[PDB]
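As structure tokens, the next two blocks hold two forms of the same chain, structure 1 and structure 2.
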Structure 1
């Protein structure tokens, strides 16, 4: 049977944003395509290669846990970058997405060094960007979710799409997340994969093409996912007409 291996980095206490729903969503959508997903939880980043890895996932946690995960992930900072530059698919949520750049500035000005895989920084404020967020993307279709983060990420890379309602990476850009090659990062909660099946299928489809296994069938039933998106889309437009 076709098999895809997911490397869940820092599964042990980096699980604030549920994160098992992203694993559940990846496994269910791949199961509909007759693909068995093997999730390999990795907490020891010493001597681990990326040969048997098809997709990797890096969740988010508290500011203290992110620094501890950054130190452990730094032990393979170069082989991870070469995998991403080679086109390794990956999804990172919040802290895992913020700690891919150079540094993270807390509201008190304390700089915490990041992994440095990409050239960008994050500046946090007290007032958070909180509320429902609706995104219109060319690759991932309509992305719907909920944002709640104080850190403002500034990067000149490809984003997940334009923000029609909400804020996104910061107050002004009206762009959410990052999309560098096959690597994805976001601030969305829910999780993001359950409703946004087009993001799940993107990560699964890209891994299949790299491995050489069929991604069939490509179009499956998505009614439950679409009905969940429409609730927040209708609510976003209802509040949008008041502004």
Structure 2
């Protein structure tokens, strides 16, 4: 009978690729381990600290929305960075992932400043990396979703895994997302992303380990999620190879 506190950043501003689905899923799977989740809605960051944070989330918005969210988050750049370097778990989606970096470059070459928490950048083209995506991850097992991004992200940090169907971060790497200490970032989004329950359980497991509370039962029924993932895996295995 225990509790975790979740920091939910800029939900009001980041509507294009909302992380709400993942927070709902986090709550569901935590409840199955007798853990109640306390969600803190943070849209203004002055005075924010991370001593009481167990997991954080940043979703994705339009370029305009993400810039605004980034400007507000920059007020707590140093505490957020220190939390991440300390091992704080978190999940970031699309723009929320991209703007952890130094910059985001539009197709016409306009440079938008990122938070600069990690040394990487993203450049966009008008033609997007689009389609079903299947990833084999040493940590997360099979990850499935849908990608649809003009952004090409270039970084040298950990990744969520090898892409066996689709593109991932960019046209060539066949790797998706970022995995930096316990911080996760991905171009995957929407209703399918939460079906990847191992991502959710990773965040919970790491937060429980850090806090010093049990995460039991570790194994629960995942039949529905496995079935949902398999629909996408089967479809990808039947399609043209993505070149």
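Only the largest set of C-alpha atoms that superpose within 1.5 Å between the two forms is called the rigid core. Residue numbers count along the first chain shown, from 1.
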Residue among 192, 204, 69, 183 whose Cα moves 2 Å or more between structure 1 and structure 2, once the rigid core is superposed: 192
Per-residue Cα shift, residue 128, between structure 1 and structure 2 [Å; core superposed]: 0.3
Angstrom shift of the Cα atom of residue 52 between structure 1 and structure 2 (superposition on rigid core): 1.0
